[PDB]
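Remarks on the structure that follows.
Atom set for the values below is all heavy atoms of this structure, side chains included, hydrogens, waters and symmetry mates excluded. Counting from 1, the numbers follow the sequence of the chain as shown. Each ligand, and each atom within it, is numbered from 1 in the order the structure gives.
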Amino acid sequence: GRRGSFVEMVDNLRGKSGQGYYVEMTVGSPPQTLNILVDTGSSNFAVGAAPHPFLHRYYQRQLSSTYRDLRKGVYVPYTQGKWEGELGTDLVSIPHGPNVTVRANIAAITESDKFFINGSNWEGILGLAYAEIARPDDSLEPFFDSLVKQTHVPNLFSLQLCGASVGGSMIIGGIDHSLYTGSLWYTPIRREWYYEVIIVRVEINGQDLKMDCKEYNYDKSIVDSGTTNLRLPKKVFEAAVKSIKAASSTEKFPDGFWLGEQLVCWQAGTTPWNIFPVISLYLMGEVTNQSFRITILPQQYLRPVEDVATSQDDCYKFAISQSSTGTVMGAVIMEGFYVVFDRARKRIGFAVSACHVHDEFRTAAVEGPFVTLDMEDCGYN
Ligand SMILES: C[C@@]1(c2cc(NC(=O)c3ccc(C#N)cn3)ccc2F)C=C(CF)OC(N)=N1
């Protein structure tokens, strides 16, 4: 397709619960196939390049006639573990994506810790965010930037994350209208580094948290397909769970559950969804003093934990958790919505996902417009 319909790319995402969403890619000539995690929270294209025992397969540079060494390394630490690699370029394509082949930067991973997941079916990570947060620096052109520069692929992508096997769609260079219902609503990308946005108001079951909105974006709010949780700043988390506790006080659960220190189980088929509140985030709109509201269900924040071998019941993780890095709108948010990363226009569109899991009483929602004053004061500097 060219606009509005891209049958080729529908259902091009796979994964497992809690292990993220991956797309099939090829690197080098002749083409080497790899499953690659779709990550809007980073900016490196990095692939396994050595026989780590967890890996189904890895990039074999020796086999590629189109491979070029940049004679430079890159060391990428995170909070939990790291990866390290050798920088180069090669020909990269997406079999179930646009019908093109691009020369892109590839970090050939040669050492890692707590990076590859044991039992997962991906071998690398596609950083979809901007050069500003690329490693080692902003001169290493991210994949999507190389894609847009070298081809006629429009400067946007969209994500439908569907939620042991998960599915979804990454529509590269377009939007597929079958993937959502109702209207897209757009929030401005504040700065092109992460996919930074501003949260303007928070409601639990319709009840405003009544916090200084500056808190909601302390020090950052981002959209991140490479994180499971809805992550909230601790002050906001405290307030949020306090209200979530109140709305659900029809039942009691240990404190640890709310901190994700323990899991909570119900007997098969009898999860009290209705005891749990909806969560609504108001996002800055396109227009001065105008906002919109996205609403998620317990279906989104209470996640099935499948691999619990010491229990026979239906066990769940509370997937809202505190943070030091700001708000992270991960899979918990994105699984409710069709999300349009409108890079050309510096904006992010949300619409009700045609695939989000709901019940017969409550649906995920995108609603507007609303009148919100002082939305700029919600940003942090
Ligand atoms: C570069 C990475 C990253 C992300 C992941 N992501 C996942 O493993 C993962 C798991 C489940 C879901 C879901 N749903 C999404 N991503 C793995 C390794 C990894 F290094 C680092 C962080 C933390 F700082 O956050 C983001 N967005 N990306």
Checklist entry - Going by the atom numbers of ligand 1, which of them fall below 4.0 Å from some non-hydrogen atom of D39? => result 1 (C), 2 (C), 26 (C), 27 (N), 28 (N)
Item to check | Option among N99, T101, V102 that satisfies the side-chain contact (heavy atoms from CB on, under 4.5 Å) test with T151 | outcome: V102
Next on the checklist: Heavy-atom pairs closer than 4.0 Å: do any link ligand 1 to the side chain of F115, the backbone, both, or neither?
Outcome noted: side chain
Item to check | Any N/O pair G226/ligand 1 closer than 3.5 Å | outcome: yes
Item to check | Contact atoms of ligand 1, heavy-atom distance to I117 under 4.0 Å | outcome: 8 (O)
Checklist entry - Heavy atoms only: which of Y21, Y78, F116, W122 is nearest to atom 24 (F) of ligand 1? => result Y78
Checklist entry - Relative to ligand 1, is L37 under 4.0 angstrom through side chain, backbone, both or neither, heavy atoms considered? => result side chain
Checklist entry - Can you find a non-hydrogen atom of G163 under 4.0 Å from ligand 1? => result no
Checklist entry - Does a side-chain N-to-carboxylate-O contact under 4.0 Å join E335 and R303? => result yes
Checklist entry - Looking at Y194, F143, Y195, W193, which one forms a ring-ring contact (aromatic ring centres under 6.0 Å, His included) with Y130? => result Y195
Next on the checklist: Going by salt bridge (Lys or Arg N to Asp or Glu O under 4.0 Å), name the residues that satisfy it together with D377, two or more places apart in sequence or in a different chain.
Outcome noted: none
Checklist outcome for this item: Distance col, row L209:CG vs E238:CD, nearest 0.5 angstrom, shows 11.5 Å
Item to check | Contact atoms of ligand 1, heavy-atom distance to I125 under 4.0 Å | outcome: 1 (C), 3 (C)
Next on the checklist: At under 4.0 Å between heavy atoms, is it the side chain or the backbone of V166 that contacts ligand 1, or both, or neither?
Outcome noted: neither
Checklist entry - What atoms of ligand 1 come closer than 4.0 angstrom to any heavy atom of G18? => result 10 (C), 11 (C)
Checklist entry - Under a 4.5 Å side-chain heavy-atom rule over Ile, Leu, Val, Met, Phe, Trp and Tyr, are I199 and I222 clustered together? => result no
Checklist entry - Should we count CZ of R57 as having more than 12 external heavy atoms under 6.0 Å? => result yes
Item to check | Pairing residues for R343 by the salt bridge (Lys or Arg N to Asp or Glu O under 4.0 Å) criterion, not counting sequence neighbours | outcome: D145
Checklist outcome for this item: Of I133, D224, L161, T79, the residue with the heavy atom nearest atom 25 (O) of ligand 1 is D224
